[PDB]
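What follows is a set of notes on a single structure, which appears directly below.
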2 protein chains.
Amino acid sequence: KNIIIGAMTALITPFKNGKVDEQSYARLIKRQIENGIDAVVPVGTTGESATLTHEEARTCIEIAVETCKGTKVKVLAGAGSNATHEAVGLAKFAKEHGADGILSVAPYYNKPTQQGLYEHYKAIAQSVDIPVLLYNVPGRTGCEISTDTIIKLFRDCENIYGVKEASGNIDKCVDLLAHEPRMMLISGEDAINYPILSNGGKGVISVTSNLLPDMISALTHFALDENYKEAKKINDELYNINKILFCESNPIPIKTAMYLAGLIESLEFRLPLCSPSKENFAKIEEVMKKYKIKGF
Amino acid sequence: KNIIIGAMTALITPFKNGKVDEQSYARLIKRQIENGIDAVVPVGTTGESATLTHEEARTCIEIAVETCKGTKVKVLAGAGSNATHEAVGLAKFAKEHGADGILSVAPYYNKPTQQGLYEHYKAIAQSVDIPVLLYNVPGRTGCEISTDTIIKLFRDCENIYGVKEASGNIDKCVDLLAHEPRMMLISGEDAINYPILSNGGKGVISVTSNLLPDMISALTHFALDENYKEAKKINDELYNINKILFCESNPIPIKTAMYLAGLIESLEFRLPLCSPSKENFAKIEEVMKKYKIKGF
Ligand SMILES: NCCCC[C@@](N)(CC[C@](N)(CCCCN)C(=O)O)C(=O)O
Ligand SMILES: [Mg+2]
């Protein structure tokens, strides 16, 4: 199987006067390349994929693919949908626009059954050639892809090579890798990056990496080399910022943090997302000064 | 305030060979009108709105408004989105195809804050003239509209006239009606229709109504006319079907029940929605036996 692993970033999408700041986007992706990141994930949840237009989603994949040409950094494009026909289309679009793979979230809101989740992902898997990473975040979708369904898709569809887990469920990650160790388990929960990697996970898709890509990079590569003491040390150091980045729903804190660090020009969200409270803004602003934040 | 209350049916959307069976849709809406229903809710969650085309949604609103012209049956249009710019659009569309009001679900997947939910709904309400009923289903959206947020929206925006609660939280509906008793609290949870009505709720938006519209009608009117004994009597009898209609995610069981009752032609879903298990199929078909099913 073809795979995409290592330290990966769920890219924020900066806005300037309500439009996608394309030059900011490219500069942030380059900031990622130059700080040890192995792959960038455009138009995911952290990128406010829900409120983007298809030309903006398609444009930001193109910006990512183009910025990454000439590097080992791969483009794992966000291409999920709660409608199978749209998820297949976005998989085809990313594949035809140069993405090295796709990250496909479980259908949200319409709560498909385990049988329905299998047929949904098989439809995507059979529709394109690029690797496909399952994305399970039940707290946002209303549904979970069970361990059985994840393993079945990994064994039945060749392009499906693993799953980004944001389940806060270390038991499920044992369960997953204990019955199918050839799968690529990706951490979708920054605070528990090391515990997931330590059990055989082969990478992370991080929100924290947006601000401190060097430390997320170092953590993952320390861990992949089984230097578990150094990997755990960064994990422990990162805990305060890993948590504070979820004082409010992602990506409200990270974009607040990016603005505070001067890495984006404006603190703009598309509704229903909005700037955090004044309290959390102060909490985000304080925890930051305990970390060394890289620039461009 | 202009309001839309009473017994309401979240219409299933029949498919024939992958297309919206237009006549059956109209034929099913007619079955509702002649069975005591006060309003029909097209292209909601129960209508598989997530996997519908704008051309399918638009036609089903048009079919809905046209079939209830001349009766007193209202059209409460499903018009929700996790992107405010998409939700504002659907509100205008629904107003121009003749809908008497819109049901607008809380944004799903992207988990907006209470502030974001206020600005999201304030943007919709300020965009149309027709009544706006908030829809809270945290198990499907990943988010809850707090009681404070609900009441603030009710008091600040003239068309926002209440909320359809599907939280299994009778506590919250006391909280709602005790602090804002002028609000129209609508049941979105069939099994607890009477307990919500018994505390001052003024209607239901029912799944069970698809199969037994005569009994959902009678329950709602008995309760609104303060015949609580007869209202609970139907509620208690309906429990077994009210539960089995969620043996799997709605609208999978109700479409199964509708098909088994011969009220629709094909048992077709749009993916990731799926036919139920053979086990649950026997459970839906068996519980059904016990009720007297209206025909055309
Ligand atoms: N990158 C584009 C994202 C926009 C799509 C959408 N806002 C809503 C998705 C949708 N399937 C659209 C349905 C439109 C009417 N059938 C949904 O709301 O369910 C989401 O996935 O969050
Ligand atoms: Mg090495």
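Residue names in the structure tokens use chain letters A, B, ... in the order shown, residue numbers from 1 in each chain, and ligand numbers from 1 in the order shown.
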
For ligand 1, list the contacting residues at 9 Å or closer, counting only C-alpha atoms and all ligand atoms, as an MDAnalysis selection string. (chainID A and resid 43:45 48:58 78:84 86 90 107:110) or (chainID B and resid 43 45 48:54 56:57 79:84 86:87 90 107:110)

Can you tell me which residues surround residue 202 in chain B at a distance of at most 10 Å, considering only C-alpha atoms, apart from same-chain residues fewer than 5 positions away, and format the answer as a CSV table (one decimal) with C-alpha atoms, in the first residue's frame?
chain,number,residue,atom,x,y,z
B,4,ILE,CA,-46.1,27.7,12.8
B,5,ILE,CA,-47.1,25.2,15.4
B,6,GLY,CA,-49.3,22.1,15.9
B,7,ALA,CA,-48.8,18.6,14.5
B,162,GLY,CA,-39.2,29.0,19.1
B,183,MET,CA,-41.7,30.7,23.1
B,184,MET,CA,-43.1,27.9,20.9
B,185,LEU,CA,-41.3,24.8,22.1
B,186,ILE,CA,-41.7,22.0,19.5
B,187,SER,CA,-41.0,18.3,20.1
B,196,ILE,CA,-43.0,18.1,26.1
B,197,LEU,CA,-46.6,19.2,25.2
B,220,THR,CA,-51.1,16.8,19.6
B,221,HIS,CA,-54.6,18.2,19.5
B,223,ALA,CA,-52.8,17.9,24.4
B,224,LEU,CA,-53.2,21.4,23.0

Output the contact residues of chain B with respect to chain A at a cut-off of 6 Å, based on only C-alpha atoms, as a list in words. residues 51, 83, 84, 109, 112, 116, 120, 139, 140, 141, 142, 271, 272, 273 and 274 of chain B

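When CA of residue 40 in chain B is paired with CA of residue 8 in chain B, their separation reads 5.3 Å.
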
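Atom pair CA of residue 128 in chain B / CA of residue 99 in chain B: separated by 11.3 Å.
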
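Excluding residue 67 in chain B itself and any same-chain residue fewer than 3 positions from it, the protein and nucleic acid residues within 9 Å of it, counting only C-alpha atoms, are residues 26, 27, 29, 30, 33, 62, 63, 64, 70 and 71 of chain B.
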
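Reported to one decimal place, the separation of CA of residue 278 in chain A from CA of residue 41 in chain A is 29.5 Å.
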
If you count only C-alpha atoms, which residues fall within 6 Å of range 146-160 of chain B, apart from same-chain ones fewer than 5 positions away, as a PyMOL selection string? chain B and resi 131-133+176

Env of residue 246 in chain B: 12 Å cut, atoms = only C-alpha atoms, seq-sep filter 5 positions within chain, self excluded. Answer as a ChimeraX atom specification. /A:111,113 /B:46,189-191,207-208,239-241,251-257,276,280-281,283-284

Any chance you could export the current selection's C-alpha atoms as a short mmCIF file (atom, residue, chain, number, x, y, z; two decimals), in the first residue's frame?
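Saved the output as out.cif:
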data_model
loop_
_atom_site.label_atom_id
_atom_site.label_comp_id
_atom_site.auth_asym_id
_atom_site.auth_seq_id
_atom_site.Cartn_x
_atom_site.Cartn_y
_atom_site.Cartn_z
CA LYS A 111 -25.33 9.42 11.15
CA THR A 113 -24.86 2.99 10.05
CA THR B 46 -35.76 13.02 7.79
CA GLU B 189 -38.39 13.55 19.77
CA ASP B 190 -41.42 11.39 19.03
CA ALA B 191 -41.20 9.17 22.12
CA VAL B 207 -41.04 11.10 12.27
CA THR B 208 -43.75 8.68 13.38
CA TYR B 239 -43.90 4.08 22.40
CA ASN B 240 -43.00 0.78 20.72
CA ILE B 241 -43.10 2.28 17.22
CA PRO B 251 -34.94 8.12 8.32
CA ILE B 252 -33.70 4.55 7.67
CA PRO B 253 -36.45 2.86 9.79
CA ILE B 254 -39.33 5.14 8.79
CA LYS B 255 -38.60 4.74 5.07
CA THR B 256 -38.44 1.00 5.73
CA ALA B 257 -41.80 1.21 7.52
CA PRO B 276 -31.37 -1.58 7.53
CA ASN B 280 -33.91 -4.57 12.33
CA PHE B 281 -36.07 -5.07 9.24
CA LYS B 283 -38.14 -5.56 14.18
CA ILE B 284 -39.64 -2.66 12.19
#

Among range 10-141 of chain B, which residues does DSSP mark as strand (DSSP E) when it is run on the backbone? Keep the chain and numbering as in the structure and answer as a PyMOL selection string. chain B and resi 10+15-16+19-20+39-41+74-78+101-105+132-136

Show which residues sit within 12 Å of residue 17 in chain B, as number ranges by chain. Count only C-alpha atoms, and ignore same-chain residues fewer than 2 positions away. B: 14-15, 19-21, 265-270

Suppose we keep C-alpha atoms; can you now write the selection as a PDB file, in the first residue's frame?
ATOM      1  CA  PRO B  14     -39.075   8.850  -1.732  1.00  0.00           C
ATOM      2  CA  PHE B  15     -36.595   7.916  -4.447  1.00  0.00           C
ATOM      3  CA  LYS B  19     -34.559  10.254  -8.654  1.00  0.00           C
ATOM      4  CA  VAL B  20     -37.058  12.086  -6.448  1.00  0.00           C
ATOM      5  CA  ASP B  21     -40.461  10.475  -7.054  1.00  0.00           C
ATOM      6  CA  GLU B 265     -42.674   2.357  -4.203  1.00  0.00           C
ATOM      7  CA  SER B 266     -38.975   1.674  -3.706  1.00  0.00           C
ATOM      8  CA  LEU B 267     -36.769   1.242  -0.634  1.00  0.00           C
ATOM      9  CA  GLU B 268     -34.035   3.546  -1.916  1.00  0.00           C
ATOM     10  CA  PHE B 269     -31.674   5.765   0.047  1.00  0.00           C
ATOM     11  CA  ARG B 270     -28.908   8.094  -1.066  1.00  0.00           C
TER      12      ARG B 270
END

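Assigned to helix (DSSP H, G or I) in range 101-142 of chain B, given DSSP computed from backbone atoms, are residues 114, 115, 116, 117, 118, 119, 120, 121, 122, 123, 124, 125, 138, 139, 140 and 141 of chain B.
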